[PDB]
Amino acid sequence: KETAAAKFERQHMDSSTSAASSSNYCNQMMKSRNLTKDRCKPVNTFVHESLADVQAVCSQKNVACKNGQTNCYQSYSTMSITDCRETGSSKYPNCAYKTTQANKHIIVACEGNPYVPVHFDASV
């Protein structure tokens, strides 16, 4: 199957652009990464840093996860991210998103051996 680490890469990694490509970015990316096939995923974040930089977060600041588990980590540096949020116009499967660029610390949940990101928890 798709591993949880690979699913994190598909849902959350976009190292090829420095920032949010355009006002079209989320519309295109939510579709191309398969986040609109079963339903419009309501919110989702993409990180514009190298895979190694995001993986390194699993050894950075340990913080509680929103679900109460203890395996979340906050990046020491700010990272370039793009938040995608479903609009009102949006009706599946013509899912429509607002694209917002930001520079924030990311919080990811990590699991496994090797210990790698498997869930995007928050940005702060």
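Residue indices: 1-based, along the sequence shown. Just so we're on the same page, rigid core means the largest C-alpha set that superposes within 1.5 Å between forms.
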| query | finding |
| --- | --- |
| Greatest C-alpha divergence in 6 other deposited structures of this protein once each structure is fitted on the rigid core, 80-88 or 36-44 | 36-44 |
| Stretch farther from the shown model on average in 6 other deposited structures of this protein, with CA RMS computed after core superposition (48-56, 89-97) | 89-97 |
| Mean temperature factor over C-alpha atoms, higher-scoring stretch between 19-27 and 97-105 | 19-27 |
| Of 69-77 and 41-49, the stretch whose C-alpha atoms average the higher B-factor in the entry | 41-49 |
| Highest-ranked of 55, 89, 82, 60 once sorted by CA temperature factor in the record | 89 |
